[PDB]
C-alpha cells in the first residue's frame, strides 16, 4: 500500500498512522523530543493497559478492558482515581488529537508511547498494533499499582494482568525516562534517574545506591530517600531493586544493558494488548521510527563507590562498573 509523503505500508489500514505520527512528533513531542509529554505519554500506556483483572473476571465480575482507551473515554471517572493523579493533563491533550484522525483512543495511547519512546536516546522500538475498539466501560478502581504497595502485592497485581516478576522489572525500565509531579509537588519534574531522556540502565544503578538525602522538606507516602540531589526515589522501586524475587533481574539490566530494550519491547507488546486479541489487530509497527543512540555503559555517579551499592542478588555478584569523574552535578528537573 501507498501512504502520504511517499511512504509505504504493507497494510493499507496503517496509512493513517503516518499522519498521526507527523502530528504528535510536532504538536505534542516538540520535533520528536524525549521530554515531559513523552514521559507522561509512556506512563499513560500503563494506566490504560493495567485496568485488567482476569481474577475479577473469573468471579462473574467486570475486570476492566485493558488497553481499551477507557481512561480517555471515561476520563472524568478514571482520572479521579487516586492512583491516577496528574494523569488528566496528558489525557486532555491527547483527546482532541485522536479525534481529528478518528483513531480509537486505545490505539492512540499505545501509539504515542511507542512513538515518544523512540525519541529517547537508545530508546526502544515498541510493536504497534491497531484496531482496538472505541467502545468499552470504565476501569474498576484500585487496579493500578501504587508506589507504596508492597512488592508482594505489586507482583500479584501484575501477575493477575499477565506478567511474571522478570517482566515487571523489564517494564519498569520506563523509569529511565521518568519524573514525578504528585508525590511531592514542590519537587515536581525531578527524575527517577540522572538521565531522564536517555533510555539507559542508569535507573537500575541509582536505585541500588543507598538513600542518603531528603530532597524536599520532608518525605512522602510512596517516597523514600534519594541517593543524589535533583533525583526522586519511589518506595516501590527501592524495594523491587532489593527484593529477592526481583533483585537479580534488576541487576541483569546493569550487567547486560543490551538486554534492556528487547526485554522491554517484548513486555510492552504484551501490555499494549491487554484485553486485546493480537490476531484481531493489524501490524502497523512500520510507522514507529527506528530509535537513534548506542547502548551507554552504566556508571556509578560522582561521589559514589561500590560501597554505596546495596547488592541484593544472591546468584550473581554486582558488576565492576566505573565511577564518573569530577564532583556530582545536581540533576536538573525535566522542563515544564
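Positions refer to the first chain, counted from 1.
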Highest mean C-alpha temperature factor of the two stretches 180-188 and 146-154, which is it?
180-188
Mean C-alpha B-factor higher for 24-32, or for 51-59?
24-32
In terms of the CA temperature factor given in the entry, to which third of its chain does residue 106 belong: lowest, middle or highest?
highest
Quick one: classify residue 253 as lowest, middle or highest third of the chain based on its Cα B-factor.
middle
Residue 263 - which third its CA temperature factor falls in, relative to the rest of the chain:
middle
Where does residue 221 sit by CA temperature factor within its chain: lowest, middle or highest third?
highest
Would you please rank residue 193 by its C-alpha temperature factor against the other modelled residues of its chain and give the third it falls in: lowest, middle or highest?
lowest
